[PDB]
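Asker: Sharing a structure with you now.
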Amino acid sequence: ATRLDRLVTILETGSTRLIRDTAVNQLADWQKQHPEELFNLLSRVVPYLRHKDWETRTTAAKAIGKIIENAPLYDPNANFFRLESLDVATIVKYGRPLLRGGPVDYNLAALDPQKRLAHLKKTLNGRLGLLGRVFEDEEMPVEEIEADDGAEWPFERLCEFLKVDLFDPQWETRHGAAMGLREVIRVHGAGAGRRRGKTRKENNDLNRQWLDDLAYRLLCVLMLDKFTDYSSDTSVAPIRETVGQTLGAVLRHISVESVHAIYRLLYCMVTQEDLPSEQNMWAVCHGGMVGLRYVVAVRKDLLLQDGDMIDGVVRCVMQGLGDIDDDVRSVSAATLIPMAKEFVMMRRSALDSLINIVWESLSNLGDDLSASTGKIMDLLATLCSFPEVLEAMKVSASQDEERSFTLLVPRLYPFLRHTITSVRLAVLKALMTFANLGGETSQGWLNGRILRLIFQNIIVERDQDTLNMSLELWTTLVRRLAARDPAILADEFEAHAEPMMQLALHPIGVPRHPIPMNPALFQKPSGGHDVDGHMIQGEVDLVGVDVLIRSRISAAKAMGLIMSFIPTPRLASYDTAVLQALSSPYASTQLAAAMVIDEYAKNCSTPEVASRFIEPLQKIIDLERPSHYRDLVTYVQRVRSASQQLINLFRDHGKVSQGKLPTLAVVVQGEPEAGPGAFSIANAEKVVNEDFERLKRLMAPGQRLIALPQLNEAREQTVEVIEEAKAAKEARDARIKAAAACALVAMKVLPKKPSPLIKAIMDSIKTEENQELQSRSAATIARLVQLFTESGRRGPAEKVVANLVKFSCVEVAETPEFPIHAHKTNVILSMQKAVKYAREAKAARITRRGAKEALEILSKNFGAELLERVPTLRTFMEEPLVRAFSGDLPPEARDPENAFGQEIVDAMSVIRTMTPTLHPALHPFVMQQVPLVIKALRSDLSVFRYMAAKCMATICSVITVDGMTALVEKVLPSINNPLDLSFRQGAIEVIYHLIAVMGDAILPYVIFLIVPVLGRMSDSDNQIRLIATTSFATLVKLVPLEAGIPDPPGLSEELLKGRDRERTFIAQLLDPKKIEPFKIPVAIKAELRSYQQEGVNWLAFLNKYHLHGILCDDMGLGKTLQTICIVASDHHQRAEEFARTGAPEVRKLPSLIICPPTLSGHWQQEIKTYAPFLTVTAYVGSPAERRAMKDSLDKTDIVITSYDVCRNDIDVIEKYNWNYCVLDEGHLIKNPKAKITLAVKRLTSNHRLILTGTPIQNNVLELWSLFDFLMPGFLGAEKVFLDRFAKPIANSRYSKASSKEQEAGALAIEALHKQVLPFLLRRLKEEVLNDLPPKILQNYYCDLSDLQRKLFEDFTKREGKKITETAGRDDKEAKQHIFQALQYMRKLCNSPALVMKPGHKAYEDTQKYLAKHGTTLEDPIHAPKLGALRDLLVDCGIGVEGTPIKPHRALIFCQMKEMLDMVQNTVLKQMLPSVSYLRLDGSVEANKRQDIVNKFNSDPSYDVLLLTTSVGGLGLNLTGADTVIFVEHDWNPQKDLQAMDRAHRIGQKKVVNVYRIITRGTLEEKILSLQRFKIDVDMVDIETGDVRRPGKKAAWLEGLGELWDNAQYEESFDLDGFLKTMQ
Amino acid sequence: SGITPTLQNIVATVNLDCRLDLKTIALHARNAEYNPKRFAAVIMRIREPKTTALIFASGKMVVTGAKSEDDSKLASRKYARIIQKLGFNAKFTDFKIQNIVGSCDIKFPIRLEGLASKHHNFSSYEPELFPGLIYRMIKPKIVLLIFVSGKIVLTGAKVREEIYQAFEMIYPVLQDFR
DNA sequence: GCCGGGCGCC
DNA sequence: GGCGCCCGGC
Ligand SMILES: Nc1ncnc2c1ncn2[C@@H]1O[C@H](COP(=O)(O)OP(=O)(O)O)[C@@H](O)[C@H]1O
Ligand code: BEF
Ligand SMILES: [Mg+2]
């Protein structure tokens, strides 16, 4: 991959709008800098237009737009459809409707793209319906990139593709084609269809013809397409909306005359003067209306010229507004809005008729569920903004009073309570637009009636948006009425003062005992079938209690507003109505009355006006609250029922004497006018506390012992219910007291003993679950602090500020409690971190929410001087840190029993909670705190480190220019430090929380972050590895689109140079083809091939940045020369540097090359060939010689070592610092525990490098041991790698896995592959070697022998049943029996003589049967493979005629010495003395094997060489051969393939034949293709019918995805967005 | 007695007059999905009263996911209106509630084996098959799924009053068990 | 120059 | 479960 491919991939997958925007911007810049890359970009981005996901499709369209805008415009002078012929009737009568097309027809998808285009182009004329009959697909049998490219318009090929894709059956592809044409035409249309050589006059004709041809297809799609979305209240037709936009796009450039043809065709589609009278009208009319919308929108210049066009578009609009279909009405209403100010100039008659019909479309009620009225009222609001329309209203009034404006406006009132929320919102917005007009127009309808209607629409509305709009409308109405005269407002609202005051103060109740509002108070809109009646009944269970509280507080706001304007002598009715409510028996009535007084005092001009309420308010906080509330009577009745149940339990099972116990009162306190004898919770306390034990005294022995085990539980039930009642009453007391205190604070009274005010407000902040009340209280305390500080009464102010600071730290989930975590050291707290647990967590969340809002409002209120006006907050957030971290930690800071640790933690939490809202003038204070926080980050205690990490995450998140320079200068360079673990742990925690909080804002700084994060994925501490890998996985994704980001504006000069220093490193790491050439300094004695030079550049790249990798080049490409030249160059460079500087880290040290034993000679030979000036020491031989060599190793450049010698002599090999440590044939250390691997991993070395032929056999999970050697812990410790990757992947392979497990496995393996890929270097043989002749891999078949058949049937008939039944077991021993049987079977398959040793099951019968044959066991007639090998030897001329050209020289491979000896004896000596052969297996010492291979390779006298696969199989160059025969085979295909490939490699100059000797039957069948061509590169019920526990949710097993967001339609089809893109 | 349960799902049924050419509903409307080889009906969805409506070829409709009776009626009327818009002769002929599913979180955990073993005639326990006890009432014909965590969800009620009745009738029973 | 052995692995 | 091979011995 390259940067471009990843950047283009970002468009599909991306975090946010911002990342995709950056990707498209950087694609545009990449095109600008390299203009010729235009089509290489478009061929990459265009295929995303067909993508399944809307957002990907839209982003690909935007990417094309931006890319095209940077391309040069086309002007060479610097079969088409004709638009006139379009007969609308035929295209709808005939032709193919375009829908969400059927399943894929794969026979057509298989076509070459150009012939696919040709076939679809043939079918296009049929599908349009020009044939005069409905085209059927059967008539057309089905049976350098298409988007790729000065003689013609460059995008001609792309547009030819998209114009035919525009009719594809799939809806996604039609959307994609429409958007692609939209962008391409929008930018480059003026050059469309031009061609070189022709004159400008003729090129104008060609351009006109081409754009007519395009608009023909766009109209065809407009009328043919019927796909629609009915999710929302108004149906959306996405494809023909997009095609409307594309028609607008072509309309910009198309000649003025052709606009009239387009207009005539759209007008015909809308009027439908000749089409069939059917339901087909709907789609065609809607298409015509969107077309007319874009025609009028983008070509205003045409409408002004002549009257016929404007007359016809308004004719279409007028017809559509009267249409039966609601969607036609909606789009018609929308059609005229863009052109209103253009239309008002038109002849009076058209304007009068339009006003008449748009008003009359509201006179009749539409269908209950028709949402189209909203659009019509938007049209009406826009029309009534222009004075000409109002003058037309005056003209209409002058001849018919019934159509006057002030008497027409009431037609909007019945729609206020409309069933569809969009209609209610549209009505409120339209009425607001009417209010903001000249007072003479509106003074007739602004009256009591509309005020009452809006106020009752402020109470009963549940939807938030309708609520807020209703309250804004109320504000404008009441303010505008007041502006004329306050007496006028008083007179209008006089008659409704009392009913709406009652509705404002109404109680709320409890879920199953609602308190319904009197329906008589609600006035009908008309002046007097889904009803919004749940809210009127006060049904707290169907409408959540928070909604009712919100309605009450909003009604309080409105009533407080209107009370302000009425002159105070006239407020007497309102005053008495609220004062009678402050003492109401309901808690909610008192709360609502307090809020009404609060709002009246608040938005009144001066508190002295509102002061008259002060004593009624103050008495609420001063005096003892009532012991009962009628709202809470349910709780006390439940208490009474439970206590009566306890008494009954005493009477029945305690068997107490009846009549010596209290008869509880029938009526409960708080019931309406209940007398003083009513039951009360105090009596419940008396029962459960005193009477209970009294009855226990009264109960006789023999009853107590059996009665108590029920009476105890009954008592606990009663006492918990009593506590619940008390808690509810206390909550109401707190709420009412808080509301009263807020009302007092609004009136600017400051009592000389403010503790009751402060206590009430704090109790509300600390407790109020309902968000609205808590926010009100928070704003109250925030204002109260300002009042105290301005008055100079600083004492209470500092007390409340300290209490707020205390509250802000209460959420333990965010602010740790120091005394628990104080001892924790060297634990990354970000990883590690009864019902009372959840209850306390919830209460902590509530109180922190309240205090955090209070401090936010404090910051916003005080502005730039908060730290000056409120010193105690400065003390809080500055004194603990300067004490603790100016010098070293005072020893008291570690003590859990000293509060100072919690003071430090609270200081950090206060900084974190204040600084994202702190005014920008106070950021120098936070930056003055940063030096102390970054020192606390290096602190030893885990909790300080964790809090400091979060604090710096937030500080950098809100101070990017200044925080990030401090972080990069004074934190990150310490992260490499090995001496002290706290530094690295702190730094990685900062990066973790920083990546978490900043999200996409880190984009300028990911280069600073990535390299010191990549450096720590191999850290020794486990938690550092976990967090580093987690961060890197989500931080590398942003690297591809970093390079184009402009520099961070404020960043220091040195840091930019540091960025540039390693931007190149990361860019090379991700895409190795960018790696710089490395000029090998030393005089290597052989010239490198091209790919070898590039691989050496890669190895030198790794050596330069201290990474370590796997040179996984395919077998025989010449890895030895690459390795030798890099090793020699490294030795040369470090010797030069040590002479130059004396630095110990570059001092001369020996390198080590570990290889299998047989290659010890090979490596020395290769070194002596290519780099004779390096001394090489062969640390191989008998132990005495190695002991003699024991100390000499330091004094040589390269040490060669066998794996087994490394294992046995690790005690001396481990003692030396080894510089480079090359594992030749590194796949032998795949086992994680095998002894040679446990030995090799102990070696210290500066650079490590594995060489392999094949890295894995079956699965990528085999890589773990290799990377645990190269980079300790890079993929984690074994358990961490297994549970992170291996277990998910393995589990996902089976059909047992659920789809979640399957996709988890796919994600996990992709994560591993992306993590490991940059370090492997893999280049296949055939890609880079062209001189090397091919190889062929034949089979050769020989029939089984008699004895083999006999012994097979015997083994299966005697032991086969037991083995096959053992296959039903899964334990180690069972599959061990299977493996043993298979291994036994193969030995039999080769020859019977291998297995038929004395004492075998078949021995004696075998002896007598051999006597029956009259021959010995060893007769080769019983061993077929020997009988086959002679055939291949002879026909290749080996041993024939014992010219001497000798066309073939062979290798023959065996897995085991017995088979090799059998072959060497029987075939090579008994049958064919003519053959000359050489020996290579374990019988010859490792030092002789190199010599014997050299003898075979140089001397053509010998004909064949015999190999044991274990010995000769790996790496040992034997190029001289040209055929290989495998008489015996391994299970593992990779060893088999490598045994072939060590014959076919560089320097070999003959076509190679590989023969496998195969017996016809048996296990040979299971090994035929392995090596041939595999390179290994709750509430749940059934809805349809009620039953418990469904096992399968049939109709929803897909999950239905999820319902798409409407913002896709709202933001994409916005006409104001479309016109913005013109220029 | 006790603390009232919430509702979570109301399933309502409507009979449309006309036979539906069901595949064309999937072809024309985006908010619809049809896979005859998996399930036999087209699962429409609508956003505002968030619901899914299984529309069968026989004209039957089953609307799910509303949380109020009037909300379910409104949603079903909107679905009938949508099917009328596609061109079929569909009428809102009939409407019945068929299942109101309640749910509540009781504070204390349940000694579930006690309920499984004391009550016989209306209690059943299946520990690994489904972790909750199945309680089958007789008078209100409500099935209660009782979990060890204190979760109770009630089903089979025709109207919410039966849900409240069943909860306040089972609460003084399982109150005897932790 | 030969031998058989115990450790190691599939 | 086998068989391989770096060993110590004659
Ligand atoms: N520059 C080179 N020029 C000529 N031959 C080369 C060159 N590099 C490698 N070779 C040849 O290719 C073979 C080396 O392959 P090798 O490094 O041994 O792969 P492996 O070690 O994996 O078996 C040798 O025949 C060698 O002569
Ligand atoms: F060196 Be390779 F694995 F043949
Ligand atoms: Mg090699």
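Residue names in the structure tokens use chain letters A, B, ... in the order shown, residue numbers from 1 in each chain, and ligand numbers from 1 in the order shown.
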Give the residues close to ligand 2, within 8 Å, counting only C-alpha atoms (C1' of nucleotides) and all ligand atoms; write them as an MDAnalysis selection string.
Answerer: chainID A and resid 1114:1116 1119 1224:1225 1251:1254 1513:1516 1538 1541:1542
Asker: Which residues come within 8 Å of region 64-68 of chain B, counting only C-alpha atoms (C1' of nucleotides), excluding same-chain residues fewer than 4 positions away, as a PyMOL selection string?
Answerer: (chain A and resi 542+1583) or (chain B and resi 7-12+49-53+72+75)
Asker: Using CA of residue 1007 (chain A) and CA of residue 23 (chain A) as the two end points, give the distance in Å to one decimal.
Answerer: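 CA of residue 23 (chain A) lies 16.9 Å from CA of residue 1007 (chain A).
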Asker: Quote the spacing between CA of residue 537 (chain A) and CA of residue 516 (chain A) in Å to one decimal place.
Answerer: 4.0 Å
Asker: Within 12 Å of residue 77 (chain B), counting only C-alpha atoms (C1' of nucleotides), which residues qualify if same-chain residues fewer than 3 places away don't, as a ChimeraX atom specification?
Answerer: /A:367-370,529-530 /B:12-16,46,49,51,53,61-63,70-74,80-84,90-95
Asker: Do a neighbour search on region 1460-1462 of chain A at 10 Å with only C-alpha atoms (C1' of nucleotides), toss out local chain neighbours closer than 2 positions, and write the hits as a ChimeraX atom specification.
Answerer: /A:1391,1393-1394,1418,1420,1426,1452-1458,1464-1468,1479-1481,1506-1508,1527-1528
Asker: Rounded to one decimal, what separation in Å do you get between CA of residue 373 (chain A) and CA of residue 298 (chain A)?
Answerer: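 For CA of residue 373 (chain A) relative to CA of residue 298 (chain A), the distance reads 25.7 Å.
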Asker: Just the residues within 12 Å of residue 1350 (chain A), please, counting only C-alpha atoms (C1' of nucleotides), with nothing from its chain fewer than 3 positions along; format it as an MDAnalysis selection string.
Answerer: chainID A and resid 1344:1347 1353:1357 1388:1389 1392 1402 1405:1406 1409:1410 1422
Asker: Hey, can you spit out that residue selection with C-alpha atoms as a PDB file, in the first residue's frame?
Answerer:
ATOM      1  CA  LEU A1344       0.440 -51.581  -4.000  1.00  0.00           C
ATOM      2  CA  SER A1345       2.182 -54.888  -3.345  1.00  0.00           C
ATOM      3  CA  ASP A1346       0.456 -58.068  -2.165  1.00  0.00           C
ATOM      4  CA  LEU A1347       1.963 -57.909   1.328  1.00  0.00           C
ATOM      5  CA  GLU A1353      -6.491 -55.397   5.785  1.00  0.00           C
ATOM      6  CA  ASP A1354      -5.059 -57.120   8.861  1.00  0.00           C
ATOM      7  CA  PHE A1355      -4.355 -53.855  10.684  1.00  0.00           C
ATOM      8  CA  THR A1356      -7.830 -52.573   9.851  1.00  0.00           C
ATOM      9  CA  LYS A1357      -9.676 -55.800  10.721  1.00  0.00           C
ATOM     10  CA  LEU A1388       3.783 -49.914   5.926  1.00  0.00           C
ATOM     11  CA  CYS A1389       2.904 -47.940   2.797  1.00  0.00           C
ATOM     12  CA  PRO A1392       6.549 -53.956   4.621  1.00  0.00           C
ATOM     13  CA  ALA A1402       1.586 -60.415  11.889  1.00  0.00           C
ATOM     14  CA  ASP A1405       1.802 -65.792   9.786  1.00  0.00           C
ATOM     15  CA  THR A1406       3.885 -63.465   7.624  1.00  0.00           C
ATOM     16  CA  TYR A1409       3.103 -66.828   3.968  1.00  0.00           C
ATOM     17  CA  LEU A1410       6.530 -65.792   2.688  1.00  0.00           C
ATOM     18  CA  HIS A1422       6.809 -56.665  -1.898  1.00  0.00           C
TER      19      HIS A1422
END
Asker: Using the chain letters and numbers from this document, which residues of region 45-165 of chain B does DSSP assign to alpha helix (DSSP H), as a PyMOL selection string?
Answerer: chain B and resi 69-85+112-118+160-165
Asker: Create the file for the chosen residues now, containing C-alpha atoms and written as a CSV table (one decimal), in the first residue's frame.
Answerer:
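File produced: again.csv:
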chain,number,residue,atom,x,y,z
B,69,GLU,CA,-52.5,2.1,23.8
B,70,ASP,CA,-53.1,5.4,21.9
B,71,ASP,CA,-49.5,5.4,20.7
B,72,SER,CA,-50.0,1.9,19.3
B,73,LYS,CA,-53.3,2.9,17.6
B,74,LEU,CA,-51.7,6.0,16.1
B,75,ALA,CA,-48.7,3.9,14.8
B,76,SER,CA,-51.0,1.3,13.3
B,77,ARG,CA,-53.1,4.0,11.6
B,78,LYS,CA,-49.9,5.4,10.1
B,79,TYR,CA,-49.0,2.0,8.8
B,80,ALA,CA,-52.4,1.6,7.2
B,81,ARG,CA,-52.0,5.0,5.7
B,82,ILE,CA,-48.6,4.0,4.2
B,83,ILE,CA,-50.0,0.8,2.7
B,84,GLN,CA,-52.8,2.9,1.3
B,85,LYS,CA,-50.3,5.3,-0.2
B,112,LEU,CA,-36.0,-18.4,43.7
B,113,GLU,CA,-35.9,-22.1,44.8
B,114,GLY,CA,-38.4,-21.2,47.5
B,115,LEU,CA,-40.9,-20.0,44.9
B,116,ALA,CA,-40.0,-23.0,42.8
B,117,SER,CA,-40.6,-25.6,45.5
B,118,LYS,CA,-43.3,-24.1,47.8
B,160,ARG,CA,-52.5,-2.5,31.8
B,161,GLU,CA,-54.9,-2.9,34.8
B,162,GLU,CA,-54.2,-6.7,34.6
B,163,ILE,CA,-50.5,-6.0,34.8
B,164,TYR,CA,-50.9,-3.8,37.9
B,165,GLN,CA,-53.2,-6.4,39.4
Asker: From the list A:1412, A:1227, A:612, A:1449, which residue is nearest ligand 3 when using only C-alpha atoms and all ligand atoms?
Answerer: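 Smallest separation from ligand 3 among the options: A:1227.
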Asker: Where in region 35-133 of chain B does DSSP assign strand (DSSP E or B), given as a ChimeraX atom specification?
Answerer: /B:42-46,51-55,60-66,92,96-105,123-124,133
Asker: I need the contact residues of chain D against chain A, so if you could list those with any atom within 9 Å, counting only C-alpha atoms (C1' of nucleotides), and return them as a PyMOL selection string, that would help.
Answerer: chain D and resi 1-7
Asker: I need the residues from that last selection saved to file as a compact mmCIF listing (two decimals), in the first residue's frame (with N, CA, C and O atoms (P, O5', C5', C4', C3', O3' and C1' of nucleotides)), if you can.
Answerer:
# COMPACT_ATOMS: atom_id res chain seq x y z
P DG D 1 2.80 -44.51 25.30
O5' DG D 1 2.51 -44.75 23.75
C5' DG D 1 3.57 -45.11 22.88
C4' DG D 1 3.19 -44.86 21.44
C3' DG D 1 4.37 -44.82 20.46
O3' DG D 1 4.47 -46.05 19.73
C1' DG D 1 3.26 -42.72 20.47
P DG D 2 5.64 -47.10 20.04
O5' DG D 2 6.95 -46.19 20.19
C5' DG D 2 7.99 -46.26 19.22
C4' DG D 2 7.58 -45.55 17.95
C3' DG D 2 8.75 -45.01 17.11
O3' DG D 2 8.78 -45.65 15.85
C1' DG D 2 7.44 -43.21 18.04
P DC D 3 10.17 -46.17 15.25
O5' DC D 3 10.99 -44.83 14.95
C5' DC D 3 10.85 -44.18 13.71
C4' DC D 3 11.67 -42.91 13.67
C3' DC D 3 13.17 -43.12 13.48
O3' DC D 3 13.71 -42.09 12.66
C1' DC D 3 12.79 -42.04 15.54
P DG D 4 15.25 -42.11 12.21
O5' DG D 4 15.81 -40.71 12.72
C5' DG D 4 15.04 -39.54 12.53
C4' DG D 4 15.63 -38.36 13.26
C3' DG D 4 17.14 -38.21 13.12
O3' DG D 4 17.48 -36.83 13.04
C1' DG D 4 16.60 -38.54 15.39
P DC D 5 18.85 -36.36 12.34
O5' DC D 5 19.83 -36.16 13.58
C5' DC D 5 19.56 -35.17 14.56
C4' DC D 5 20.58 -35.23 15.67
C3' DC D 5 21.98 -35.60 15.21
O3' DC D 5 22.95 -34.90 15.96
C1' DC D 5 21.26 -37.18 16.78
P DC D 6 23.50 -33.48 15.45
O5' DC D 6 24.23 -32.87 16.74
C5' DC D 6 23.46 -32.18 17.71
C4' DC D 6 23.91 -32.54 19.12
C3' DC D 6 25.41 -32.39 19.40
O3' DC D 6 25.62 -31.83 20.71
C1' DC D 6 24.74 -34.63 19.78
P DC D 7 27.06 -31.83 21.43
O5' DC D 7 26.91 -33.01 22.49
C5' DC D 7 27.99 -33.89 22.78
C4' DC D 7 27.47 -35.18 23.40
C3' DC D 7 28.52 -36.11 23.97
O3' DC D 7 28.80 -35.77 25.33
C1' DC D 7 26.83 -37.32 22.74
Asker: Which chain A residues are at most 7 Å from chain B (counting only C-alpha atoms), as an MDAnalysis selection string?
Answerer: chainID A and resid 99:100 226:232 638 1579 1583 1586 1589 1594:1595
Asker: Please list as a PyMOL selection string every residue within 10 Å of residue 121 (chain B), counting only C-alpha atoms (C1' of nucleotides) and excluding residues in the same chain fewer than 6 positions away.
Answerer: chain B and resi 135-138
Asker: For the residues in the current selection, export C-alpha atoms as an mmCIF file, in the first residue's frame.
Answerer:
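Once written, out.cif looks like this:
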data_model
loop_
_atom_site.group_PDB
_atom_site.id
_atom_site.type_symbol
_atom_site.label_atom_id
_atom_site.label_comp_id
_atom_site.auth_asym_id
_atom_site.auth_seq_id
_atom_site.Cartn_x
_atom_site.Cartn_y
_atom_site.Cartn_z
ATOM 1 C CA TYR B 135 -45.048 -18.166 37.192
ATOM 2 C CA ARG B 136 -48.413 -18.820 35.512
ATOM 3 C CA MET B 137 -51.337 -17.055 37.181
ATOM 4 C CA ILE B 138 -54.901 -18.359 36.792
#
Asker: Skip region 1-8 of chain C itself and residues of its chain fewer than 6 positions away, then list as a ChimeraX atom specification all residues within 9 Å of it, counting only C-alpha atoms (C1' of nucleotides).
Answerer: /A:1234-1235 /D:4,7-10
Asker: Write a file of the just-selected residues containing C-alpha atoms (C1' of nucleotides), as a PDB file, in the first residue's frame.
Answerer:
ATOM      1  CA  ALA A1234      11.274 -26.154  22.981  1.00  0.00           C
ATOM      2  CA  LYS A1235      14.768 -26.073  24.415  1.00  0.00           C
TER       3      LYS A1235
ATOM      4  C1'  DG D   4      16.603 -38.541  15.394  1.00  0.00           C
ATOM      5  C1'  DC D   7      26.832 -37.323  22.743  1.00  0.00           C
ATOM      6  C1'  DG D   8      30.831 -40.674  25.395  1.00  0.00           C
ATOM      7  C1'  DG D   9      33.066 -44.960  24.567  1.00  0.00           C
ATOM      8  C1'  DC D  10      36.419 -48.563  22.329  1.00  0.00           C
TER       9       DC D  10
END
Asker: So, counting only C-alpha atoms and all ligand atoms, which residue among A:348, A:1544, A:1566, A:794 is closest to ligand 1?
Answerer: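 Among A:348, A:1544, A:1566, A:794, it is A:1544 that comes nearest to ligand 1.
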